[PDB]
$ cat data-v8.cif   # mmCIF, C-alpha atoms and all ligand atoms
data_protein
#
loop_
_atom_site.label_atom_id
_atom_site.label_comp_id
_atom_site.auth_asym_id
_atom_site.auth_seq_id
_atom_site.Cartn_x
_atom_site.Cartn_y
_atom_site.Cartn_z
CA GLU A 30 -7.70 32.34 2.70
CA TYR A 31 -8.74 29.88 5.39
CA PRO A 32 -8.34 26.25 4.20
CA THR A 33 -11.66 24.67 3.24
CA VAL A 34 -12.81 21.10 3.37
CA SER A 35 -12.53 20.78 -0.46
CA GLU A 36 -8.80 21.67 -0.51
CA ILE A 37 -7.42 19.17 2.04
CA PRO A 38 -7.05 15.50 1.12
CA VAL A 39 -7.83 13.21 4.02
CA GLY A 40 -4.43 12.58 5.62
CA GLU A 41 -3.05 16.09 5.06
CA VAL A 42 -2.99 18.94 7.56
CA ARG A 43 -2.89 22.67 6.84
CA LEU A 44 -1.83 25.35 9.25
CA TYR A 45 -3.29 28.86 9.29
CA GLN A 47 -1.48 31.62 11.16
CA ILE A 48 -3.93 33.84 13.02
CA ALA A 49 -1.56 36.08 14.96
CA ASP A 50 1.94 36.17 16.31
CA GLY A 51 2.34 32.79 17.91
CA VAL A 52 -1.19 31.56 17.20
CA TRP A 53 -2.25 29.14 14.45
CA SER A 54 -5.15 26.88 13.72
CA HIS A 55 -4.62 23.42 12.29
CA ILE A 56 -7.09 22.07 9.75
CA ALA A 57 -7.59 18.44 8.78
CA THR A 58 -10.33 16.44 7.09
CA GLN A 59 -11.94 13.13 7.89
CA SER A 60 -14.54 10.83 6.37
CA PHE A 61 -17.46 10.01 8.63
CA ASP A 62 -20.61 8.21 7.50
CA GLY A 63 -19.59 8.74 3.87
CA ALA A 64 -19.16 12.53 4.02
CA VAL A 66 -15.97 14.53 4.42
CA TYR A 67 -15.74 17.02 7.25
CA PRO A 68 -13.08 19.61 8.07
CA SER A 69 -11.85 19.89 11.61
CA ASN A 70 -9.94 22.60 13.48
CA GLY A 71 -7.56 22.69 16.35
CA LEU A 72 -5.18 25.34 17.75
CA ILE A 73 -1.44 25.87 18.22
CA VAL A 74 -0.16 28.54 20.64
CA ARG A 75 3.46 29.50 21.14
CA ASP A 76 4.81 29.88 24.66
CA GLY A 77 8.41 30.95 24.58
CA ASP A 78 10.26 28.36 22.51
CA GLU A 79 7.64 25.63 22.94
CA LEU A 80 4.14 25.02 21.54
CA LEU A 81 0.84 24.23 23.21
CA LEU A 82 -1.42 22.07 21.05
CA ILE A 83 -5.20 22.20 21.35
CA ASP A 84 -6.82 18.99 20.05
CA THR A 85 -5.61 16.26 17.74
CA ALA A 86 -6.16 16.33 14.00
CA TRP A 87 -8.84 13.59 14.16
CA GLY A 88 -7.01 10.28 14.04
CA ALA A 89 -3.49 8.91 14.27
CA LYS A 90 -2.52 9.42 10.61
CA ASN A 91 -3.73 13.01 10.59
CA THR A 92 -2.05 13.71 13.91
CA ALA A 93 1.29 12.42 12.66
CA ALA A 94 0.88 14.71 9.64
CA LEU A 95 0.05 17.54 12.05
CA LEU A 96 3.30 17.07 13.94
CA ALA A 97 5.21 17.01 10.67
CA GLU A 98 3.51 20.20 9.46
CA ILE A 99 4.27 21.91 12.76
CA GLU A 100 7.92 20.92 12.46
CA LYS A 102 8.03 22.11 8.86
CA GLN A 103 6.24 25.44 9.26
CA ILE A 104 7.05 26.42 12.85
CA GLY A 105 9.95 24.22 13.93
CA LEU A 106 9.32 24.36 17.69
CA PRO A 107 8.44 21.37 19.87
CA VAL A 109 4.94 20.63 21.03
CA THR A 110 5.40 19.98 24.72
CA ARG A 111 1.78 19.91 26.00
CA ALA A 112 -1.58 19.19 24.40
CA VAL A 113 -5.12 19.73 25.64
CA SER A 114 -8.14 17.85 24.24
CA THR A 115 -11.33 19.87 24.55
CA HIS A 116 -13.71 16.88 24.77
CA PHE A 117 -13.73 13.12 24.45
CA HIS A 118 -14.65 12.66 20.76
CA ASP A 119 -12.16 11.27 18.24
CA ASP A 120 -11.67 14.62 16.49
CA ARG A 121 -10.20 15.81 19.82
CA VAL A 122 -8.44 12.73 21.30
CA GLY A 123 -7.91 10.53 18.24
CA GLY A 124 -4.15 10.80 17.86
CA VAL A 125 -3.34 11.21 21.55
CA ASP A 126 -1.19 8.06 21.43
CA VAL A 127 0.80 9.57 18.52
CA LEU A 128 1.33 12.72 20.58
CA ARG A 129 2.37 10.75 23.65
CA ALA A 130 4.84 8.66 21.65
CA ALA A 131 6.37 11.89 20.31
CA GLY A 133 6.96 13.06 23.90
CA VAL A 134 3.95 15.36 24.24
CA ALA A 135 2.34 15.59 27.66
CA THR A 136 -1.35 15.11 26.88
CA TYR A 137 -4.05 16.67 29.07
CA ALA A 138 -7.83 16.64 29.46
CA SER A 139 -10.32 17.19 32.24
CA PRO A 140 -11.20 14.20 34.44
CA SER A 141 -14.63 14.27 32.83
CA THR A 142 -13.17 14.02 29.34
CA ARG A 143 -10.84 11.22 30.41
CA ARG A 144 -13.76 9.35 32.04
CA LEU A 145 -15.95 9.67 28.95
CA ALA A 146 -13.14 8.69 26.55
CA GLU A 147 -12.56 5.56 28.63
CA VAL A 148 -16.29 4.69 28.59
CA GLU A 149 -16.49 5.26 24.84
CA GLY A 150 -13.30 3.47 23.91
CA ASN A 165 -11.46 6.58 22.69
CA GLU A 166 -7.87 7.52 23.43
CA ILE A 167 -7.31 8.84 26.98
CA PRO A 168 -5.04 11.88 27.58
CA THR A 169 -2.57 11.13 30.35
CA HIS A 170 -2.77 14.19 32.57
CA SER A 171 -5.78 15.67 34.29
CA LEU A 172 -6.81 19.31 34.13
CA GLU A 173 -8.06 20.34 37.55
CA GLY A 174 -10.37 23.18 38.37
CA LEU A 175 -12.76 22.86 35.42
CA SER A 176 -15.64 20.66 36.67
CA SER A 177 -18.18 23.47 37.40
CA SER A 178 -19.83 25.59 34.72
CA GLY A 179 -18.09 28.93 34.58
CA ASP A 180 -14.75 27.60 35.83
CA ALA A 181 -11.61 28.99 34.19
CA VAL A 182 -7.96 28.05 34.70
CA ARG A 183 -4.76 29.31 33.20
CA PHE A 184 -2.77 26.86 31.10
CA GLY A 185 0.42 28.45 29.90
CA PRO A 186 -0.39 30.94 27.12
CA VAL A 187 -4.14 30.22 27.15
CA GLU A 188 -7.10 30.23 29.47
CA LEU A 189 -9.26 27.11 29.64
CA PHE A 190 -12.96 27.59 30.30
CA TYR A 191 -15.71 25.12 31.05
CA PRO A 192 -18.92 26.81 29.85
CA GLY A 193 -21.31 24.05 30.78
CA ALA A 194 -22.67 21.13 28.83
CA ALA A 195 -23.28 21.85 25.16
CA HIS A 196 -22.08 19.75 22.22
CA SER A 197 -20.89 17.37 24.94
CA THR A 198 -21.06 17.48 28.72
CA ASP A 199 -17.25 17.89 28.96
CA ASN A 200 -16.58 20.43 26.23
CA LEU A 201 -13.94 23.08 26.98
CA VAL A 202 -13.24 26.36 25.23
CA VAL A 203 -9.84 27.97 24.98
CA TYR A 204 -9.00 31.67 24.93
CA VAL A 205 -5.69 33.24 23.87
CA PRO A 209 -5.65 36.66 25.52
CA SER A 210 -2.59 37.97 23.68
CA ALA A 211 -4.39 37.50 20.35
CA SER A 215 -8.11 37.78 21.31
CA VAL A 216 -8.64 34.31 19.83
CA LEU A 217 -11.53 32.28 21.21
CA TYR A 218 -11.41 28.62 20.28
CA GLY A 219 -14.92 27.39 20.79
CA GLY A 220 -14.37 23.83 19.67
CA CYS A 221 -17.41 21.79 18.79
CA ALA A 222 -19.72 23.77 21.04
CA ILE A 223 -19.58 26.50 18.36
CA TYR A 224 -20.80 26.00 14.78
CA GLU A 225 -19.50 27.76 11.70
CA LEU A 226 -21.97 30.02 9.93
CA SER A 227 -22.24 27.66 6.94
CA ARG A 228 -23.76 24.98 9.20
CA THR A 229 -27.47 25.77 9.55
CA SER A 230 -28.58 22.39 10.91
CA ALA A 231 -27.43 20.58 14.02
CA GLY A 232 -26.13 17.48 12.31
CA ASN A 233 -25.19 15.01 15.06
CA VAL A 234 -25.77 15.85 18.70
CA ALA A 235 -25.80 12.34 20.11
CA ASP A 236 -23.83 13.36 23.18
CA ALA A 237 -25.14 16.89 23.46
CA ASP A 238 -27.11 18.62 26.19
CA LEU A 239 -29.52 20.53 23.98
CA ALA A 240 -31.39 21.96 26.96
CA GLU A 241 -28.23 23.55 28.38
CA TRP A 242 -26.35 24.40 25.19
CA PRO A 243 -27.70 27.96 24.74
CA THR A 244 -27.00 28.74 28.41
CA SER A 245 -23.45 27.43 28.01
CA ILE A 246 -22.99 29.66 24.94
CA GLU A 247 -24.19 32.66 26.91
CA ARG A 248 -21.53 31.89 29.54
CA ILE A 249 -18.89 32.02 26.82
CA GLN A 250 -20.22 35.38 25.62
CA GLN A 251 -20.27 36.71 29.17
CA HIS A 252 -16.73 35.58 29.91
CA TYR A 253 -14.99 36.48 26.61
CA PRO A 254 -16.93 39.43 25.18
CA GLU A 255 -13.67 40.94 23.93
CA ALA A 256 -13.00 37.99 21.60
CA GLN A 257 -12.21 39.03 18.04
CA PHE A 258 -11.43 35.74 16.27
CA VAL A 259 -13.77 32.84 17.04
CA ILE A 260 -12.84 29.35 15.84
CA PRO A 261 -15.49 26.60 15.57
CA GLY A 262 -14.59 22.96 15.94
CA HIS A 263 -15.32 22.45 12.26
CA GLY A 264 -15.20 25.06 9.54
CA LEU A 265 -14.55 28.71 8.96
CA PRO A 277 -13.65 31.14 11.75
CA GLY A 278 -15.58 34.31 12.35
CA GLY A 279 -16.39 36.71 15.15
CA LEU A 280 -18.58 36.39 18.21
CA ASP A 281 -21.62 36.23 15.92
CA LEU A 282 -20.87 32.52 15.65
CA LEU A 283 -22.21 32.17 19.20
CA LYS A 284 -25.69 33.57 18.42
CA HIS A 285 -25.64 31.59 15.20
CA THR A 286 -24.99 28.38 17.09
CA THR A 287 -27.78 29.13 19.56
CA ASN A 288 -30.14 29.74 16.65
CA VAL A 289 -29.28 26.36 15.11
CA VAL A 290 -29.47 24.55 18.42
CA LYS A 291 -32.84 26.04 19.31
CA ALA A 292 -34.21 25.21 15.88
CA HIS A 293 -33.08 21.63 16.30
CA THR A 294 -34.60 21.51 19.78
CA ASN A 295 -37.88 22.43 18.13
CL CL B 301 4.09 13.11 30.25
CL CL B 302 4.81 16.15 32.12
O O B 303 -16.83 16.21 17.55
ZN ZN B 304 -17.54 16.23 19.39
ZN ZN B 305 3.68 14.14 32.11
ZN ZN B 306 -16.38 17.97 16.55
#
$ encode --input "data-v8.cif" --output "structure tokens"
Amino acid sequence: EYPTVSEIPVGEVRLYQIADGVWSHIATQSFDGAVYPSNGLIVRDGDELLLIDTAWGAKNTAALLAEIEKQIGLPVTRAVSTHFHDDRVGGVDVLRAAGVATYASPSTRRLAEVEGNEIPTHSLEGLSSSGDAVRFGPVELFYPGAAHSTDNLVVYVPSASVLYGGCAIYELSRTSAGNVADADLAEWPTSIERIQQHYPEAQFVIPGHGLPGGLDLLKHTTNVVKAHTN
């Protein structure tokens, strides 16, 4: 059912409808010679769409907009990037050129600028302290603490019980950390426990890369992170 990394040529984007007015978007990218899938989110709000994260690069993000127009046909008016890496902000310039108001926390914008990644235009206030939550149209934005990155946000869709964990949450198929160059390994399990504590009702949990599942993805991620720590 859910699109897998093997089925998506690099440059194409698939959409997966989760609930009324909630989709994930799935793209693939080459990185260090391997191909990785990557997820983002689309949430309807009236006759407009909120986009969560780019599709990992300008070409993919243009394909994303075209797939949204083809399959949904409503305009993306705002976008949120959930941390500063290129699978989250790469494509922000494509969004901006299309008339999308792009958003990220000041921390994400700061880090993207330091790293040389695309910088979302608008700032999300009220998210700088672990445990902070703010409403953003049809979603809630939550800063759980440092994890995969110091700036990573999670997104919750209360109407659909969809928890988008982004890259702080691993799919079950991933049993090793991979790359954690920007991570806070010491804090990551605590940050996951904040997500659990804040969204225990979540039914559909979406990792930054790979297959969705339930809240068991949180304990799974902690297991992997602790094993890597050791
Ligand atoms: Cl704008
Ligand atoms: Cl605006
Ligand atoms: O990432
Ligand atoms: Zn990342
Ligand atoms: Zn604006
Ligand atoms: Zn990622």
$ closest_residue --input "data-v8.cif" --among "A:134, A:94, A:221, A:211" --to "residue 115 (chain A)" --atoms "only C-alpha atoms"
A:221
$ residues_around --input "data-v8.cif" --residues "residue 146 (chain A)" --least-positions-apart "4" --cutoff "9 Å" --atoms "all atoms listed in the file" --output "list in words"
residues 116, 117, 118, 119, 122, 141, 142, 150, 165, 166, 167 and 168 of chain A
$ closest_atom_pairs --input "data-v8.cif" --of "region 215-251 of chain A" --to "region 43-59 of chain A" --cutoff "12 Å" --atoms "only C-alpha atoms" --output "CSV"
residue,atom,partner,partner_atom,distance
A:215,CA,A:49,CA,9.3
A:216,CA,A:48,CA,8.3
A:217,CA,A:52,CA,11.1
A:218,CA,A:54,CA,9.2
A:220,CA,A:54,CA,11.4
$ residues_near_ligand --input "data-v8.cif" --ligand "ligand ZN 306 (chain B)" --cutoff "12 Å" --atoms "only C-alpha atoms and all ligand atoms" --output "CSV table (one decimal) with C-alpha atoms, in the coordinates of the input"
chain,number,residue,atom,x,y,z
A,57,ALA,CA,-7.6,18.4,8.8
A,58,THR,CA,-10.3,16.4,7.1
A,59,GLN,CA,-11.9,13.1,7.9
A,61,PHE,CA,-17.5,10.0,8.6
A,67,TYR,CA,-15.7,17.0,7.2
A,68,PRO,CA,-13.1,19.6,8.1
A,69,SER,CA,-11.8,19.9,11.6
A,70,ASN,CA,-9.9,22.6,13.5
A,71,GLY,CA,-7.6,22.7,16.4
A,84,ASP,CA,-6.8,19.0,20.0
A,85,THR,CA,-5.6,16.3,17.7
A,86,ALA,CA,-6.2,16.3,14.0
A,87,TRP,CA,-8.8,13.6,14.2
A,114,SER,CA,-8.1,17.8,24.2
A,115,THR,CA,-11.3,19.9,24.6
A,116,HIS,CA,-13.7,16.9,24.8
A,117,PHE,CA,-13.7,13.1,24.4
A,118,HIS,CA,-14.6,12.7,20.8
A,119,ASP,CA,-12.2,11.3,18.2
A,120,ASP,CA,-11.7,14.6,16.5
A,121,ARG,CA,-10.2,15.8,19.8
A,122,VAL,CA,-8.4,12.7,21.3
A,123,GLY,CA,-7.9,10.5,18.2
A,195,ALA,CA,-23.3,21.8,25.2
A,196,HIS,CA,-22.1,19.8,22.2
A,197,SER,CA,-20.9,17.4,24.9
A,200,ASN,CA,-16.6,20.4,26.2
A,201,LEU,CA,-13.9,23.1,27.0
A,219,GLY,CA,-14.9,27.4,20.8
A,220,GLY,CA,-14.4,23.8,19.7
A,221,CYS,CA,-17.4,21.8,18.8
A,222,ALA,CA,-19.7,23.8,21.0
A,223,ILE,CA,-19.6,26.5,18.4
A,224,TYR,CA,-20.8,26.0,14.8
A,225,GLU,CA,-19.5,27.8,11.7
A,231,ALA,CA,-27.4,20.6,14.0
A,232,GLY,CA,-26.1,17.5,12.3
A,233,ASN,CA,-25.2,15.0,15.1
A,234,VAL,CA,-25.8,15.8,18.7
A,235,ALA,CA,-25.8,12.3,20.1
A,236,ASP,CA,-23.8,13.4,23.2
A,237,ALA,CA,-25.1,16.9,23.5
A,260,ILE,CA,-12.8,29.4,15.8
A,261,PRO,CA,-15.5,26.6,15.6
A,262,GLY,CA,-14.6,23.0,15.9
A,263,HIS,CA,-15.3,22.4,12.3
A,264,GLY,CA,-15.2,25.1,9.5
$ residues_around --input "data-v8.cif" --residues "residue 139 (chain A)" --least-positions-apart "6" --cutoff "7 Å" --atoms "all atoms listed in the file" --output "JSON list (two decimals) with C-alpha atoms, in the coordinates of the input"
[["chain", "number", "residue", "atom", "x", "y", "z"],
["A", 171, "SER", "CA", -5.78, 15.67, 34.29],
["A", 172, "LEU", "CA", -6.81, 19.31, 34.13],
["A", 173, "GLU", "CA", -8.06, 20.34, 37.55],
["A", 175, "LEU", "CA", -12.76, 22.86, 35.42]]
$ residues_near_ligand --input "data-v8.cif" --ligand "ligand ZN 305 (chain B)" --cutoff "8 Å" --atoms "all atoms listed in the file" --output "PyMOL selection string"
chain A and resi 134-136+169-170
$ atom_distance --input "data-v8.cif" --atom1 "CA of residue 226 (chain A)" --atom2 "CA of residue 265 (chain A)"
7.6 Å
